[PDB]
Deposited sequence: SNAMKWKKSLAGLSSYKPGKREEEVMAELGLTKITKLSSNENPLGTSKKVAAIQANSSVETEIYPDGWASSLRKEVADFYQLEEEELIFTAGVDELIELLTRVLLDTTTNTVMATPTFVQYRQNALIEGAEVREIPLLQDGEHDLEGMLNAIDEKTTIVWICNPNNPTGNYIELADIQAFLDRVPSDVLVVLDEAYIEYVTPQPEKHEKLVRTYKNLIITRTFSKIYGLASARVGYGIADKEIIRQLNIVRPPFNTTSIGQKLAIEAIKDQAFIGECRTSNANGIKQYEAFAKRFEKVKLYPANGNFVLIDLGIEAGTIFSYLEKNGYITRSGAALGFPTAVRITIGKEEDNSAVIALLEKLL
């Protein structure tokens, strides 16, 4: 009987399944947390801390991160995961009288938060190869458009848009429209893009979002951050919640950005995992492998997503079903260690 927003209609455990199947080792490959874990140096901090001194308070982390990207601390905002930043963005800019532009299928959290704020969502279907249709998205932009979202690399497809095409897009976008460049996966791209944190100085309507929850392997403690010019950061500050991270989460992230050697080796093992899946798609014509540039692959088998999900799961691999992702006959599989990529590929092959 309550008077809930009408825009609301439009949105609508590991040990569990394992004891239900009589399986020993079950391998989880459904979330894109780094399967290799963290640095040894970051691991030593975790093992060194008791959740008995833990609290929600950092100059340390602001400074460390600003020094890493050669930026001003004034250009950073920290948040308890990038999901939280997405929430904040929508609360400050979206409403009944506004619209927002994004791709489908992309990360569900944009449309979810946009719909909760009562915004009109204009969703531009990917190109057939899985790319953002940057052209259609520019055409959708309006005087009522307040936010354009670019997921780069894309989740769930993996596609990556080169900087030159990001810059071309930003030139044409009106300067009073915020463009959120979601770079949750950027550390996985090979070869690595050139430094473009500074882009935010050129385009005063740009925010880049990044997280410690993927490659850094700290989805545990939840640290995400936004890079944007001062004016944007200051506005975002006014509206953040009473607490974010624990002082330990912050301690862990300081060490994470320092251990680039771990990120190097991860970036390379991941690219090898991806090569594994490519050999597989090249063997089987009827399979559709989207272009992978993060730490997951999206594979359309022409088999119902739920069936693929159960089959892999009943053989001891949890993956992310495509029916949740906008792909009724695909699954998204996180790239893990080589010996696990191999076993999933062997299982898929029997289907084909």
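Of the deposited sequence, the ranges 1 to 2, 15 to 20, 66 to 68 have no C-alpha coordinates according to the record.
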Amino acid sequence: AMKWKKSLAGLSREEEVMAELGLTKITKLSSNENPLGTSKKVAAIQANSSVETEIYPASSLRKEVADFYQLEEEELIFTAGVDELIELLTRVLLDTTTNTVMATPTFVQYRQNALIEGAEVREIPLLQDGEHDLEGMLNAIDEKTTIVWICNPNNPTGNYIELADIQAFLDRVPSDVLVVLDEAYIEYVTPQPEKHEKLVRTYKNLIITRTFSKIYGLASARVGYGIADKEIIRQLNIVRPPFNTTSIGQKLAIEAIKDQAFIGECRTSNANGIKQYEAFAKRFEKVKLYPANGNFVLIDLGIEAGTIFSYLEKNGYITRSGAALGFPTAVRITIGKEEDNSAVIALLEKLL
From here on, numbers count along this sequence of modelled residues.
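Across the two stretches, 45 to 53 and 298 to 306, the PDB entry reports the greater mean Cα temperature factor for 45 to 53.
The stretch with the higher mean CA B factor, choosing between 215 to 223 and 175 to 183, is 215 to 223. Based on the entry's C-alpha B-factors, the most elevated value among 343, 19, 335, 330 belongs to 19.
Within the selection 243, 277, 149, 78, the deposited Cα B-factor values reach their highest point at 243.
Ranked by C-alpha B-factor against the other modelled residues of its chain, residue 194 falls in the highest third. When the modelled residues of the chain are ordered by their C-alpha B factor, residue 95 lands in the middle third. For residue 267, the recorded CA temperature factor ranks within the middle third of the chain's modelled residues. Sorting the modelled residues of the chain by their CA temperature factor places residue 116 in the middle third. Sort the chain's modelled residues by C-alpha temperature factor and residue 324 lands in the highest third, per the entry.
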